[PDB]
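Asks:
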Amino acid sequence: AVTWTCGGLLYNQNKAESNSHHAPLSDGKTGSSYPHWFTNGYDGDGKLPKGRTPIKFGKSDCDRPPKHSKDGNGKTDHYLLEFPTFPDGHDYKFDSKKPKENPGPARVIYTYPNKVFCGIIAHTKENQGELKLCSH
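Counted from 1, the sequence shown has number 8 at position 8 by PDB author numbering; the numbering is strictly sequential.
Rendered as structure tokens:
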């Protein structure tokens, strides 16, 4: 339950997951948008294309190939999905399209269905460059 950080703001693992626990399990199906499928570098099903580098977490679940399709959460599509988890601990208005609050550079990335929390990703290179996992 350590505090995850992605060079900017903090992210209590409990909120990183809990903030998402509320988030409706689905590939982008919320009033706002988030959560959504996180290709992680993949195209949709097949592994990453010749020339790419996904985010390493340490789990063989998130590392595995996703099973996304034209639906989002069809059968057991173990597609990775991210979610903007703020530190404030406020349940982001991800379900309310309008109004919509600003997102975050850090999001909780977990495999489906079982939210196999892998960690939080964000661009800790400057402001918005490459994507990487936080450092807990």
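Here a beta-carbon is modelled for each residue, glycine too, at the ideal position from N, C-alpha and C.
#1: Please work out which residues of its chain come closer than 6 angstroms, Cβ to Cβ, to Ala1, disregarding the five sequence neighbours upstream and downstream, and give them in chain order.
#2: In the stretch 94-123, which residue ranges form an unbroken beta strand (DSSP E) of at least 3 residues, counting only runs that do not cross its ends?
#3: Quick check: the stretch 69-76 against the stretch 116-124, are at least 3 beta-carbon pairs closer than 8 angstroms?
#4: Distance, Cα to Cα, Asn73 vs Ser60?
#5: Counting C-beta neighbours from all protein chains within 10 Å, is the total for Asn114 16 or more, i.e. buried, or is it exposed?
#6: Assuming contact is defined by CB atoms lying nearer than 8 angstroms, are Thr111 and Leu131 in contact in what I supplied?
#7: Go ahead and pull the three-state DSSP assignment for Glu82.
#8: Do you know how far the Cα of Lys100 is from the Cα of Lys56?
#9: Taking DSSP as the reference, what is the three-state secondary structure of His68?
#10: On the DSSP bridge assignment, give the partners of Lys132 in chain order.
#11: For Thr53, count the other beta carbons within 10 Å of its own beta carbon; 16 or more makes it buried, fewer makes it exposed. Which is it?
#12: Apart from the five residues just before and just after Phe38, which ones in its own chain have a Cβ nearer than 6 angstroms to its Cβ?
#13: Need the endpoints of the beta strand (DSSP E) that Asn12 sits in, please.
#14: For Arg107, count neighbouring C-beta atoms within 10 Å of its own C-beta (all shown protein chains included) and say buried if the count is 16 or more, exposed if not.
Replies: Reading off the structure:
#1: Only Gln13, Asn14 meet the Cβ criterion.
#2: Counting only runs of at least 3 residues, the stretch 94-123 fully encloses the following beta strand (DSSP E) elements, listed from N- to C-terminal order: 107-109, 119-122.
#3: Using a C-beta cut-off of 8 angstroms, the stretch 116-124 makes no contact with the stretch 69-76, since fewer than three inter-stretch Cβ pairs fall below that distance.
#4: Cα to Cα, the separation comes out at about 20 angstroms.
#5: So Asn114 ends up on the exposed side.
#6: Contact flag unset, no.
#7: Looking at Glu82 - three-state DSSP - the assignment turns out to be strand.
#8: Distance between the alpha carbons of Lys56 and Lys100 is about 31 angstroms.
#9: Coil, per DSSP.
#10: Within the DSSP bridge table, the entry for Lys132 names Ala122 as partners.
#11: Around the beta carbon of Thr53, a 10 Å sphere encloses fewer than 16 other beta carbons of the protein chains shown; the residue is thus reported as exposed.
#12: In chain order, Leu80, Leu81, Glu82, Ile109 place their CB closer than 6 angstroms to the CB of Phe38, counting only its own chain and leaving out the 5 sequence neighbours on each side.
#13: That run of the beta strand (DSSP E) goes 10-12.
#14: Here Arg107 is buried, its C-beta having at least 16 other C-beta atoms within 10 Å.
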